[PDB]
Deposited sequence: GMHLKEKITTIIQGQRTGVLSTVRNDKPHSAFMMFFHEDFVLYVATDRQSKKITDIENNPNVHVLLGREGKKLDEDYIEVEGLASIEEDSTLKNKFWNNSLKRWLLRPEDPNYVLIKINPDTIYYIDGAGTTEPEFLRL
């Protein structure tokens, strides 16, 4: 059976997805580049980001990633935390991030770590993690 592979395929493809959070009891969504270690997703951002404040107030997040109307994609539900591990920060660093961060040593660079509870594969089957 191919669900983990179908999901990994999506996660191993294009990087831009949508990260949604709750912000003062209202939804907020932003385009973000996604990296990963196995099924754990990571987004590089500035530590003063409102998404970081959102996560500070409610850790539940939702991800749409992978997307013609009939392309396959995934939806991820899980809890987020902030990750400042130098090894992961240096691993994921790349020049597209220069829009928002200076360099891998920028003190403002943090990762949002998303620990998935449920991954739905659309085109739903799901994986519980």
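The deposited sequence has C-alpha coordinates everywhere except the stretches 1, 69-71, 128-133.
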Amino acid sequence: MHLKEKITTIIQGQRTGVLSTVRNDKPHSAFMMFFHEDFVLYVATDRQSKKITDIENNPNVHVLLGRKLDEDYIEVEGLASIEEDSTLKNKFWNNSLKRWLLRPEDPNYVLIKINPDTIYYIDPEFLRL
From here on, numbers count along this sequence of modelled residues.
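The stretch with the higher mean CA B factor, choosing between 11-19 and 108-116, is 11-19. Averaged over Cα atoms, the B-factor as recorded in the entry is higher for 52-60 than for the other of 52-60 and 36-44.
Within the listed group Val76, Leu97, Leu88, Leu69, the record reports its top CA B-factor for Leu69.
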